[PDB]
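Below you'll find the structure, written out as structure tokens, and then a few comments.
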Amino acid sequence: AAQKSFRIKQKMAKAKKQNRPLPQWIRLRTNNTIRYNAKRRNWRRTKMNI
Amino acid sequence: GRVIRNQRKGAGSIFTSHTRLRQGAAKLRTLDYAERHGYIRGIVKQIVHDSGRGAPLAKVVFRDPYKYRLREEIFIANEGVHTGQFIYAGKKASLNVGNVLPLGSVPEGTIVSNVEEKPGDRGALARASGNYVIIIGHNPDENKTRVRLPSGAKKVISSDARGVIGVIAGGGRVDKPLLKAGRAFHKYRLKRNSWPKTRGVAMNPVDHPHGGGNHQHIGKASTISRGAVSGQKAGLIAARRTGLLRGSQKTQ
Amino acid sequence: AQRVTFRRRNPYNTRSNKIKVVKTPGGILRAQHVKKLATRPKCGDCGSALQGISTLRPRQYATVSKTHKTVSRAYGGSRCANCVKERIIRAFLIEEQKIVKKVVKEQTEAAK
Amino acid sequence: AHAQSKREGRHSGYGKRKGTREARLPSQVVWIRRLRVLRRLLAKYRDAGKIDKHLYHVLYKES
Amino acid sequence: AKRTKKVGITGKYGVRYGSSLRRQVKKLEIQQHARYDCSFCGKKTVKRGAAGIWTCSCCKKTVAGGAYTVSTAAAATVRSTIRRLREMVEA
Amino acid sequence: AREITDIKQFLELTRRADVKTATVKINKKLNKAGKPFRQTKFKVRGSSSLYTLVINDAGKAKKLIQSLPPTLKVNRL
RNA sequence: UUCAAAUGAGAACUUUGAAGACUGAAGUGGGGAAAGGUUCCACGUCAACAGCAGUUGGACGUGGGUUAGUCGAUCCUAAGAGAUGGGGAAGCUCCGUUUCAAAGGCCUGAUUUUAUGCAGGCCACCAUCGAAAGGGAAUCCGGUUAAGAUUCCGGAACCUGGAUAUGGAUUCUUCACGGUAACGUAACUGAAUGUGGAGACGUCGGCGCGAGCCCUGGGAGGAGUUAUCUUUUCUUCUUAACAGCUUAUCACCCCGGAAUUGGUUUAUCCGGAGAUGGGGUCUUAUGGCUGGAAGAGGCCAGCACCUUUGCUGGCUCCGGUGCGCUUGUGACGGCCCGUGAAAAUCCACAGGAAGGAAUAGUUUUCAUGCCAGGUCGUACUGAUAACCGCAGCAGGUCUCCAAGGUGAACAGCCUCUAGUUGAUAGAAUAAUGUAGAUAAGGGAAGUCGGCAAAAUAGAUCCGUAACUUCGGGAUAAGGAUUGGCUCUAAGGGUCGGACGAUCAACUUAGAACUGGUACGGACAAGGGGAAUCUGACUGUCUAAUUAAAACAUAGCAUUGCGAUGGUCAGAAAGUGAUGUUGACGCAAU
RNA sequence: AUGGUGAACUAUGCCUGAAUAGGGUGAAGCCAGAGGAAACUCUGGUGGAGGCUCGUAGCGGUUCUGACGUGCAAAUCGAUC
Ligand SMILES: [Mg+2]
Ligand SMILES: [Mg+2]
Ligand SMILES: [Mg+2]
Ligand SMILES: [Mg+2]
Ligand SMILES: [Mg+2]
Ligand SMILES: [Mg+2]
Ligand SMILES: [Mg+2]
Ligand SMILES: [Mg+2]
Ligand SMILES: [Mg+2]
Ligand SMILES: [Mg+2]
Ligand SMILES: [Mg+2]
Ligand SMILES: [Mg+2]
Ligand SMILES: [Mg+2]
Ligand SMILES: [Mg+2]
Ligand SMILES: [Mg+2]
Ligand SMILES: [Mg+2]
Ligand SMILES: [Mg+2]
Ligand SMILES: [Mg+2]
Ligand SMILES: [Mg+2]
Ligand SMILES: [Mg+2]
Ligand SMILES: [Mg+2]
Ligand SMILES: [Mg+2]
Ligand SMILES: [Mg+2]
Ligand SMILES: [Mg+2]
Ligand SMILES: [Mg+2]
Ligand SMILES: [Mg+2]
Ligand SMILES: [Mg+2]
Ligand SMILES: [Mg+2]
Ligand SMILES: [Mg+2]
Ligand SMILES: [Mg+2]
Ligand SMILES: [Mg+2]
Ligand SMILES: [Mg+2]
Ligand SMILES: [Mg+2]
Ligand SMILES: [Mg+2]
Ligand SMILES: [Mg+2]
Ligand SMILES: [Mg+2]
Ligand SMILES: [Mg+2]
Ligand SMILES: [Mg+2]
Ligand SMILES: [Mg+2]
Ligand SMILES: [Mg+2]
Ligand SMILES: [Mg+2]
Ligand SMILES: [Mg+2]
Ligand SMILES: [Mg+2]
Ligand SMILES: [Mg+2]
Ligand SMILES: [Mg+2]
Ligand SMILES: [Mg+2]
Ligand SMILES: [Mg+2]
Ligand SMILES: [Mg+2]
Ligand SMILES: [Mg+2]
Ligand SMILES: [Mg+2]
Ligand SMILES: [Mg+2]
Ligand SMILES: [Mg+2]
Ligand SMILES: [Mg+2]
Ligand SMILES: [Mg+2]
Ligand SMILES: [Mg+2]
Ligand SMILES: [Mg+2]
Ligand SMILES: [Mg+2]
Ligand SMILES: [Mg+2]
Ligand SMILES: [Mg+2]
Ligand SMILES: [Mg+2]
Ligand SMILES: [Mg+2]
Ligand SMILES: [Mg+2]
Ligand SMILES: [Mg+2]
Ligand SMILES: [Mg+2]
Ligand SMILES: [Mg+2]
Ligand SMILES: [Mg+2]
Ligand SMILES: [Mg+2]
Ligand SMILES: [Mg+2]
Ligand SMILES: [Zn+2]
């Protein structure tokens, strides 16, 4: 938030890096159930709460 | 019902004294060897105005009997005392306006201010703008002196109790009408959150013993036993009489 | 007809947020924040403006030569000429009258 | 072109005023104008002896 | 050019509060804005600021005293009461 | 940062020590009378102060450029 | 809103061009605080999402991006919060913050077994946390990117801590001279201790002054307009932090001794406690000159030629004006039963412990020089789409900069810079609607009730009742006037001894002429009057059915209380509010 | 009933900060003039007071018992105030 704490910016980074589509080659692994990142986030739909 | 407003003062909180702009506390010097025996001179370095207290203050600074330094004490300016006046304090300090003498060293009829109740408690009686106490007599039978306190009642206190000669400054403040709520607002803006005041009879029952409504009336006598429990003590408390009187004077 | 902006994240017109408008070699208007003014040091026992003493904000007096923080006389900084003239005379006359205080009270000692 | 006509004294009749006379030109302004002119004239005439310091005073209170 | 007839400094309050309050205010408002003689100093230069503190513009001297006047009539008579007692303790 | 005017001192500067650089600028200015003259500015990078010297007279100017220690890297025009 | 081109399978909706318009500097402009957290930027891109569409996006995929000794945090203390010796509590823990406490650490000599144990010694009711708006060490300009910049580049600086050497000053009269003084200075030893100062302080008003802005004259460029008129309209013509000299209202000093009292502010204050006058000293806020600095930046021109790029030349100047606007600030003045923070930090004086020279030492508050300056934040939105309201919601959420005309004006209306032209769209104009208008004659006969609507409205001049707490009522009421144009008269500055020279403002009154008798021509903008009930007044409340006559208030009266106290708090306490209090007080009605 | 969590909304005090076009009125204080035998009284200025006034922004929410009333909105929109 403009001038921010490290701790939050810290969490902000982790929050950016979690935020990407499921690696497609995981859908090729053996006995794989996964189809997509069902934990995806987006700043205009679900907030982080700090 | 509900905790009434006057009980709710005791938890301080909202109702503590607004003391940011105060000087220090006003007190007399600590009763030491000098004042116990002879006297000690000082200069009133300035006279100043304490917030939330009509009656000015005297910052009069003495030397230190026991060390190289100056020690500023905060006195309540006693009307006529000025900047640069010398202020002598002790048993042997002469009867001039401003000095602080024990109550044994002053002749009957002397009038004084800021008097201690026990010697060394640095001030206690007559300190509000314009007030004063009057020695009426003495008594060697225990170092005691009998005085007239502003309230009129007489109190017999140690002759070693100090006072400062004269009447508190701050003149006749209450002689002038407040005129308007605004002026009262600022008055208490600097004291304590006690204004305005809501009449209890305009309350609902649950806030006040008077608050029982439907016609605004107190319902039962407004004069309450001393032995009543907090929650019931609202109104004319252990009142030993009520109504208009024209009482002229007090206890002589 | 050109407008301007603060140069620091503080957005509120306080005392530490005083602003100057300046034209620059660019030929463009620009703001600049100015550190609040100083006040002249004041006479110890009469609160007058000390003459000859320079007027800087407190820690700026640590960056400065010593002829800047005084005059050459007793109580260079501190007090203000007449305040020390009065000072001297009062001392004299008192110490004088001290003597007299004593020789005279010594005199009526022998009277008894 | 209009500002020109304005100081040819042209566009300021009684139906071109929306401010009170005080609003457009304040009276206290006028006075200070009028007063300082007199103060200054009385000053000059003294540092020149067209009038004596005694008359000056009288005229100074009189202005 | 007489301006008022009765109100004076208290035209300020206009019509509000009512005659007597306005009346009594006026009396003390006049006391506290007055310029008083200086004891030490001679000059008519003691002005008030804050109830009780009274200080001389010219010689920077400050006196304690009345809330709305320099010197209380009560303080005045006590002045005398005190001196009177004093002159006795040294006679 | 500072302007210098003593012609004695300026030379005392051109060596000094910390002085390892200087520059020479030529301004086509005009005099009060309005005649195209050739003011030349002599600037010396100190260590925390730019002493520059102003000489209007081209004479004592194009003399002085050949009055510097030659061990001084000088920027020209 | 429209036309056309471009791109695309595909175009009302994307891009570029043109037109038409809006926001109108109280902005649909330019930045920030909270909050978000990548939304910023480039490329690719359209299944879902943007309640029509989509090639567009704040979407989807992939990558890129936030650079500091000087901007903040960080240090300080504020309301407050809260460890500790303790005291309560079965206990979770409650109380207390200098508090019933054995509560330390600074200098430096001794010692030259040693940088070190000790020998001198003063000083200390003393945790800490608590401000990205309070206090506070120091950075400016130009340039740069797809996105960062008071952070990068280039140049110019300053501070803080640490080092220190050369120069200079000082001295045989050891710790500087000069000036009557205010005081001047490139310096000119100063431990303990004490003291003074800065930090550091309300609000309103008029007046003085600066800065930027506004307007404007000549010229040197570029642009527009030219049937005809205009020596024309638009625009360019800049100067940072820092350094040197210089510069001020206030104030202070010397000479001098005043009634015929003078000086004097817009504002009536000052003078034998020394005015007026003559002559000096200070503060440097702020302006001027120069350095910084034209090499920068701005505006033009002539060549060059696939690109990257250029290249070479010019010009960038000299004024004026003020109840102007915004802001800064000075000396005054009004106001209070209101008199309008603290601490860190920096300086100084008093003091004189000490240390110091003559063949030599003293001093790094004087100039110069060397070295170092960490950590975290830094993108962007900041709102009719980046926050909160389930959302791209007509709601809500702190702040700064603010151009021309009309005009009293930060109003309304129109414009410039900048920014938008985005809110599904096409065809018709039944009823009934929502919003905007108008009606012959009558004029509240409508209705619970003039509800709704209408009428009044600026300004100048005249005029103005009962009553009244004498202040008001009162813009009471009631009237006349108001455009355009051409004139007349009055109102100022400066320079030379009752004139004369020169400059620069609009404003006020008056007169003539004129028109479909209009003229505050849009905009803007009180209807009035006679009474009853009622609350004195300004103020307050039922967020979302009640704004009142209710609550408040000043005023008045009553009650309690002298501290071993009154009222109140707590389970308890060596507990707490009033209390930094003391009857002109606090508490209760 | 027991044990817990909320003063991001709102009520109140405290601390530290920020904000509010343009006009009407013309209170103290001060200057001058006129009448008067005197005492005084009148006139003209100046100055700029007020929980003063017209009125934006601000804060508010009177009336239309307007619009909306499966809304823009679980309190909004318009005019009036
Ligand atoms: Mg921030
Ligand atoms: Mg209960
Ligand atoms: Mg309170
Ligand atoms: Mg307290
Ligand atoms: Mg204090
Ligand atoms: Mg209250
Ligand atoms: Mg009440
Ligand atoms: Mg009720
Ligand atoms: Mg009962
Ligand atoms: Mg009950
Ligand atoms: Mg009743
Ligand atoms: Mg910024
Ligand atoms: Mg700050
Ligand atoms: Mg000096
Ligand atoms: Mg100086
Ligand atoms: Mg006015
Ligand atoms: Mg006036
Ligand atoms: Mg469209
Ligand atoms: Mg428009
Ligand atoms: Mg506007
Ligand atoms: Mg794209
Ligand atoms: Mg769709
Ligand atoms: Mg689609
Ligand atoms: Mg990256
Ligand atoms: Mg800083
Ligand atoms: Mg605790
Ligand atoms: Mg802290
Ligand atoms: Mg830049
Ligand atoms: Mg201080
Ligand atoms: Mg402060
Ligand atoms: Mg022209
Ligand atoms: Mg600077
Ligand atoms: Mg002289
Ligand atoms: Mg300067
Ligand atoms: Mg002016
Ligand atoms: Mg100082
Ligand atoms: Mg930024
Ligand atoms: Mg931004
Ligand atoms: Mg947006
Ligand atoms: Mg949201
Ligand atoms: Mg949510
Ligand atoms: Mg919204
Ligand atoms: Mg503005
Ligand atoms: Mg419009
Ligand atoms: Mg925008
Ligand atoms: Mg829609
Ligand atoms: Mg009709
Ligand atoms: Mg009719
Ligand atoms: Mg009917
Ligand atoms: Mg009916
Ligand atoms: Mg009827
Ligand atoms: Mg109506
Ligand atoms: Mg009509
Ligand atoms: Mg006419
Ligand atoms: Mg009422
Ligand atoms: Mg009002
Ligand atoms: Mg309601
Ligand atoms: Mg109401
Ligand atoms: Mg006023
Ligand atoms: Mg009125
Ligand atoms: Mg009003
Ligand atoms: Mg208006
Ligand atoms: Mg309100
Ligand atoms: Mg509103
Ligand atoms: Mg309502
Ligand atoms: Mg309705
Ligand atoms: Mg419907
Ligand atoms: Mg209407
Ligand atoms: Zn005096």
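Ordering of the structure tokens sets the chain letters (A, B, ...), residue numbers begin anew at 1 in every chain, and ligands are numbered from 1 in the order given.
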
Name the residues in contact with stretch 222-228 of chain B at a cut-off of 6 Å, using only C-alpha atoms (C1' of nucleotides), excluding same-chain residues fewer than 3 positions from it; report them as an NGL selection string. :B and (235-238)

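All of the residues in chain C within 10 Å of chain H are residues 12, 13, 14 and 15 of chain C, where only C-alpha atoms (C1' of nucleotides) were counted.
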
Got time to write the residues from that selection, N, CA and C atoms, as a PDB file, in the first residue's frame?
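Below is the file result-v9.pdb, written as the result:
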ATOM      1  N   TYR C  12      -0.618  16.480   3.249  1.00  0.00           N
ATOM      2  CA  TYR C  12      -1.407  17.343   4.107  1.00  0.00           C
ATOM      3  C   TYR C  12      -0.688  18.641   4.467  1.00  0.00           C
ATOM      4  N   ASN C  13      -1.347  19.766   4.227  1.00  0.00           N
ATOM      5  CA  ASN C  13      -0.770  21.083   4.462  1.00  0.00           C
ATOM      6  C   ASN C  13      -0.427  21.358   5.931  1.00  0.00           C
ATOM      7  N   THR C  14       0.593  20.678   6.445  1.00  0.00           N
ATOM      8  CA  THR C  14       1.059  20.912   7.808  1.00  0.00           C
ATOM      9  C   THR C  14       2.180  21.939   7.801  1.00  0.00           C
ATOM     10  N   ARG C  15       2.926  22.043   8.904  1.00  0.00           N
ATOM     11  CA  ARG C  15       4.044  22.998   8.985  1.00  0.00           C
ATOM     12  C   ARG C  15       5.309  22.462   8.304  1.00  0.00           C
TER      13      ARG C  15
END

List all protein, DNA and RNA residues that have an atom no more than 12 Å from any atom of ligand 48, counting only C-alpha atoms (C1' of nucleotides) and all ligand atoms, and report them as JSON, numbers by chain. {"G": [441, 442, 443, 444]}

Please return, as a PyMOL selection string, all residues of chain G lying within 9 Å of chain B when only C-alpha atoms (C1' of nucleotides) are considered. chain G and resi 193-195+336-341+539+551-555+557-560+562-563+567-569+576-580+582-585+588-589

12 Å shell around ligand 59 using only C-alpha atoms (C1' of nucleotides) and all ligand atoms, listed as a list in words: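 The residues near ligand 59 are residues 12 of chain E; 204, 205, 206 and 334 of chain G; 24, 25, 26, 27, 47, 48, 49, 50, 52 and 53 of chain H.
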
Close residues to ligand 33 using only C-alpha atoms (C1' of nucleotides) and all ligand atoms, limit 9 Å, as a VMD selection string: chain G and resid 180 to 181 253 to 255 279 to 281

Write a file of the selected residues as a PDB file, in the first residue's frame, keeping N, CA, C and O atoms (P, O5', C5', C4', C3', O3' and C1' of nucleotides).
ATOM      1  P     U G 180      36.261  54.759  19.746  1.00  0.00           P
ATOM      2  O5'   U G 180      35.517  54.014  20.935  1.00  0.00           O
ATOM      3  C5'   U G 180      36.051  54.041  22.249  1.00  0.00           C
ATOM      4  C4'   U G 180      35.034  54.548  23.236  1.00  0.00           C
ATOM      5  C3'   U G 180      33.787  53.702  23.393  1.00  0.00           C
ATOM      6  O3'   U G 180      33.993  52.613  24.269  1.00  0.00           O
ATOM      7  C1'   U G 180      33.180  55.977  23.174  1.00  0.00           C
ATOM      8  P     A G 181      33.874  51.116  23.719  1.00  0.00           P
ATOM      9  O5'   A G 181      32.306  50.833  23.720  1.00  0.00           O
ATOM     10  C5'   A G 181      31.508  51.105  24.867  1.00  0.00           C
ATOM     11  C4'   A G 181      30.076  51.394  24.484  1.00  0.00           C
ATOM     12  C3'   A G 181      29.388  50.318  23.658  1.00  0.00           C
ATOM     13  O3'   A G 181      28.794  49.333  24.494  1.00  0.00           O
ATOM     14  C1'   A G 181      29.061  52.454  22.653  1.00  0.00           C
ATOM     15  P     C G 253      19.762  51.480  24.176  1.00  0.00           P
ATOM     16  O5'   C G 253      21.142  51.940  23.520  1.00  0.00           O
ATOM     17  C5'   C G 253      22.353  51.247  23.792  1.00  0.00           C
ATOM     18  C4'   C G 253      23.512  51.808  23.003  1.00  0.00           C
ATOM     19  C3'   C G 253      23.730  53.303  23.111  1.00  0.00           C
ATOM     20  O3'   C G 253      24.421  53.655  24.292  1.00  0.00           O
ATOM     21  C1'   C G 253      23.882  52.646  20.850  1.00  0.00           C
ATOM     22  P     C G 254      24.317  55.141  24.875  1.00  0.00           P
ATOM     23  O5'   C G 254      25.024  56.044  23.773  1.00  0.00           O
ATOM     24  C5'   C G 254      26.433  56.063  23.686  1.00  0.00           C
ATOM     25  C4'   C G 254      26.920  57.025  22.640  1.00  0.00           C
ATOM     26  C3'   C G 254      26.501  58.474  22.791  1.00  0.00           C
ATOM     27  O3'   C G 254      27.250  59.164  23.775  1.00  0.00           O
ATOM     28  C1'   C G 254      26.262  57.810  20.543  1.00  0.00           C
ATOM     29  P     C G 255      26.578  60.354  24.612  1.00  0.00           P
ATOM     30  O5'   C G 255      26.404  61.510  23.536  1.00  0.00           O
ATOM     31  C5'   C G 255      27.540  62.064  22.894  1.00  0.00           C
ATOM     32  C4'   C G 255      27.148  63.078  21.856  1.00  0.00           C
ATOM     33  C3'   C G 255      26.201  64.166  22.334  1.00  0.00           C
ATOM     34  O3'   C G 255      26.884  65.226  22.977  1.00  0.00           O
ATOM     35  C1'   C G 255      25.431  63.276  20.277  1.00  0.00           C
ATOM     36  P     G G 279      22.341  62.163   8.935  1.00  0.00           P
ATOM     37  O5'   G G 279      23.360  61.193   9.682  1.00  0.00           O
ATOM     38  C5'   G G 279      24.675  61.627   9.954  1.00  0.00           C
ATOM     39  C4'   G G 279      25.314  60.876  11.094  1.00  0.00           C
ATOM     40  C3'   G G 279      25.396  59.368  10.956  1.00  0.00           C
ATOM     41  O3'   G G 279      26.423  58.948  10.087  1.00  0.00           O
ATOM     42  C1'   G G 279      24.716  59.921  13.144  1.00  0.00           C
ATOM     43  P     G G 280      26.219  57.617   9.236  1.00  0.00           P
ATOM     44  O5'   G G 280      25.854  56.530  10.332  1.00  0.00           O
ATOM     45  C5'   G G 280      26.512  55.275  10.351  1.00  0.00           C
ATOM     46  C4'   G G 280      26.866  54.869  11.757  1.00  0.00           C
ATOM     47  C3'   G G 280      26.666  53.401  12.079  1.00  0.00           C
ATOM     48  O3'   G G 280      27.765  52.605  11.694  1.00  0.00           O
ATOM     49  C1'   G G 280      25.647  54.710  13.753  1.00  0.00           C
ATOM     50  P     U G 281      27.505  51.184  11.012  1.00  0.00           P
ATOM     51  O5'   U G 281      26.999  50.273  12.212  1.00  0.00           O
ATOM     52  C5'   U G 281      27.891  49.904  13.245  1.00  0.00           C
ATOM     53  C4'   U G 281      27.221  49.095  14.324  1.00  0.00           C
ATOM     54  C3'   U G 281      26.413  47.888  13.897  1.00  0.00           C
ATOM     55  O3'   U G 281      27.167  46.786  13.453  1.00  0.00           O
ATOM     56  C1'   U G 281      25.180  49.059  15.476  1.00  0.00           C
TER      57        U G 281
END

Report as a list in words which protein, DNA and RNA residues come within 10 Å of ligand 31, using only C-alpha atoms (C1' of nucleotides) and all ligand atoms. residues 216, 217, 231, 232 and 233 of chain G

List the spatial neighbours of stretch 71-79 of chain G as an NGL selection string - criterion: any atom at most 6 Å away, only C-alpha atoms (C1' of nucleotides), same-chain residues fewer than 3 positions off excluded. (:G and (132 or 342-344)) or (:H and (14-15))

What's around stretch 35-44 of chain F at 9 Å? Count only C-alpha atoms (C1' of nucleotides), leave out sequence neighbours fewer than 5 positions away in its own chain, and write the answer as a PyMOL selection string. chain F and resi 10+13-14+19-30+49-58+61-62+65

For those residues, write N, CA, C and O atoms to a file as a CSV table (one decimal), in the first residue's frame.
chain,number,residue,atom,x,y,z
F,10,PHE,N,44.6,32.3,-8.0
F,10,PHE,CA,44.1,31.4,-9.0
F,10,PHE,C,45.3,30.4,-9.4
F,10,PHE,O,45.1,29.2,-9.6
F,13,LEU,N,46.0,27.9,-7.0
F,13,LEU,CA,45.0,26.9,-7.1
F,13,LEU,C,45.4,25.8,-8.2
F,13,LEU,O,45.3,24.6,-7.9
F,14,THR,N,45.8,26.3,-9.4
F,14,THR,CA,46.1,25.4,-10.5
F,14,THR,C,47.1,24.3,-10.2
F,14,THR,O,47.1,23.3,-11.0
F,19,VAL,N,43.6,19.3,-7.2
F,19,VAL,CA,43.4,19.8,-8.5
F,19,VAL,C,44.1,18.9,-9.5
F,19,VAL,O,45.3,18.7,-9.5
F,20,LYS,N,43.2,18.1,-10.2
F,20,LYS,CA,43.7,17.3,-11.3
F,20,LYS,C,43.0,17.6,-12.6
F,20,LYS,O,43.4,17.1,-13.6
F,21,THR,N,42.0,18.5,-12.5
F,21,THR,CA,41.3,18.9,-13.7
F,21,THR,C,40.9,20.4,-13.7
F,21,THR,O,40.7,21.0,-12.6
F,22,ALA,N,40.7,20.9,-14.9
F,22,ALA,CA,40.1,22.3,-15.0
F,22,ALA,C,39.5,22.4,-16.4
F,22,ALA,O,39.6,21.5,-17.2
F,23,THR,N,38.9,23.5,-16.7
F,23,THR,CA,38.3,23.7,-18.0
F,23,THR,C,38.4,25.2,-18.4
F,23,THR,O,38.6,26.1,-17.5
F,24,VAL,N,38.2,25.5,-19.7
F,24,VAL,CA,38.3,26.8,-20.2
F,24,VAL,C,37.2,27.1,-21.2
F,24,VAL,O,37.1,26.5,-22.2
F,25,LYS,N,36.3,28.1,-20.8
F,25,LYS,CA,35.1,28.4,-21.5
F,25,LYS,C,35.2,29.8,-22.2
F,25,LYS,O,35.7,30.7,-21.6
F,26,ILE,N,34.7,29.9,-23.4
F,26,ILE,CA,34.7,31.2,-24.1
F,26,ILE,C,33.3,31.7,-24.4
F,26,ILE,O,32.5,31.2,-25.2
F,27,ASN,N,32.9,32.8,-23.7
F,27,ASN,CA,31.6,33.4,-23.9
F,27,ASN,C,31.6,34.6,-24.8
F,27,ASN,O,32.4,35.5,-24.6
F,28,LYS,N,30.7,34.6,-25.8
F,28,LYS,CA,30.6,35.7,-26.7
F,28,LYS,C,29.6,36.7,-26.1
F,28,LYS,O,28.5,36.8,-26.5
F,29,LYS,N,30.1,37.5,-25.1
F,29,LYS,CA,29.2,38.4,-24.4
F,29,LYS,C,29.2,39.8,-25.0
F,29,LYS,O,29.8,40.0,-26.1
F,30,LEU,N,28.5,40.7,-24.4
F,30,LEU,CA,28.5,42.1,-24.9
F,30,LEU,C,28.9,43.0,-23.7
F,30,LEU,O,28.5,42.7,-22.6
F,49,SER,N,34.7,22.1,-4.4
F,49,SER,CA,34.4,23.5,-4.8
F,49,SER,C,34.9,23.9,-6.1
F,49,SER,O,36.1,23.7,-6.4
F,50,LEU,N,34.0,24.4,-7.0
F,50,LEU,CA,34.4,24.8,-8.3
F,50,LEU,C,34.8,26.3,-8.3
F,50,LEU,O,34.0,27.2,-8.5
F,51,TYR,N,36.1,26.6,-8.2
F,51,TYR,CA,36.6,27.9,-8.3
F,51,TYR,C,36.7,28.3,-9.8
F,51,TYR,O,37.4,27.8,-10.6
F,52,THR,N,35.9,29.3,-10.2
F,52,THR,CA,36.0,29.8,-11.5
F,52,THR,C,36.4,31.3,-11.5
F,52,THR,O,36.0,32.0,-10.6
F,53,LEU,N,37.2,31.7,-12.5
F,53,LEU,CA,37.8,33.0,-12.6
F,53,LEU,C,37.4,33.7,-13.9
F,53,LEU,O,37.4,33.0,-15.0
F,54,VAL,N,36.9,34.9,-13.8
F,54,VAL,CA,36.4,35.6,-15.0
F,54,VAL,C,37.4,36.7,-15.5
F,54,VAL,O,37.6,37.6,-14.8
F,55,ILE,N,37.8,36.5,-16.7
F,55,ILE,CA,38.7,37.5,-17.3
F,55,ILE,C,38.1,38.1,-18.6
F,55,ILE,O,38.1,37.4,-19.6
F,56,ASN,N,37.7,39.3,-18.6
F,56,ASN,CA,37.2,40.0,-19.8
F,56,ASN,C,38.2,40.4,-20.8
F,56,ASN,O,38.0,40.2,-22.0
F,57,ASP,N,39.4,40.8,-20.3
F,57,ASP,CA,40.5,41.2,-21.2
F,57,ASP,C,41.1,39.9,-21.9
F,57,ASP,O,41.7,39.1,-21.2
F,58,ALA,N,40.8,39.8,-23.2
F,58,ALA,CA,41.3,38.7,-23.9
F,58,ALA,C,42.9,38.6,-23.8
F,58,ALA,O,43.4,37.5,-23.9
F,61,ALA,N,44.1,37.0,-20.8
F,61,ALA,CA,43.4,35.7,-20.9
F,61,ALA,C,44.3,34.8,-21.7
F,61,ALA,O,44.7,33.7,-21.2
F,62,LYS,N,44.5,35.1,-23.0
F,62,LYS,CA,45.2,34.1,-23.9
F,62,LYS,C,46.7,34.1,-23.5
F,62,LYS,O,47.5,33.4,-24.1
F,65,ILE,N,46.2,31.1,-20.2
F,65,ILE,CA,46.0,29.7,-20.6
F,65,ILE,C,47.4,29.0,-20.7
F,65,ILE,O,47.5,27.8,-20.4

Those of chain F in DSSP helix (DSSP H, G or I), formatted as a VMD selection string: chain F and resid 7 to 15 58 to 67

Polymer residues at most 9 Å from stretch 29-33 of chain E, only C-alpha atoms (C1' of nucleotides), same-chain spacing of 2 or more positions, as a ChimeraX atom specification: /B:176 /E:9-10,24-27,35,47-49,51,67-70

Just list as a VMD selection string whatever in chain C DSSP marks as strand (DSSP E or B). chain C and resid 19 to 23 29 to 33 42 49

Take the residues from that selection and write them out as a short mmCIF file (atom, residue, chain, number, x, y, z; two decimals), in the first residue's frame, keeping C-alpha atoms.
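out.cif was written with the following content:
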data_model
loop_
_atom_site.label_atom_id
_atom_site.label_comp_id
_atom_site.auth_asym_id
_atom_site.auth_seq_id
_atom_site.Cartn_x
_atom_site.Cartn_y
_atom_site.Cartn_z
CA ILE C 19 5.92 24.65 -0.32
CA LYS C 20 7.54 27.15 -2.62
CA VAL C 21 6.87 27.63 -6.32
CA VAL C 22 10.01 28.04 -8.39
CA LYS C 23 10.71 28.52 -12.05
CA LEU C 29 7.11 25.46 -12.75
CA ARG C 30 8.23 23.27 -9.91
CA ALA C 31 7.58 23.07 -6.20
CA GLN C 32 10.21 22.97 -3.46
CA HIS C 33 9.70 22.32 0.20
CA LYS C 42 16.22 35.56 23.24
CA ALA C 49 16.18 39.46 20.49
#

For a test of reading the model, state the distance in Å between atom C1' of residue G:508 and atom CA of residue D:22, rounded to one decimal. 12.5 Å

Can you check which parts of chain C lie within 12 Å of chain B? Per residue, the shortest pair of atoms and distance in Å to one decimal, counting only C-alpha atoms, sorted by chain and number, as a tab-separated table.
residue	atom	partner	partner_atom	distance
C:44	CA	B:45	CA	11.8
C:45	CA	B:45	CA	9.3
C:46	CA	B:45	CA	11.0
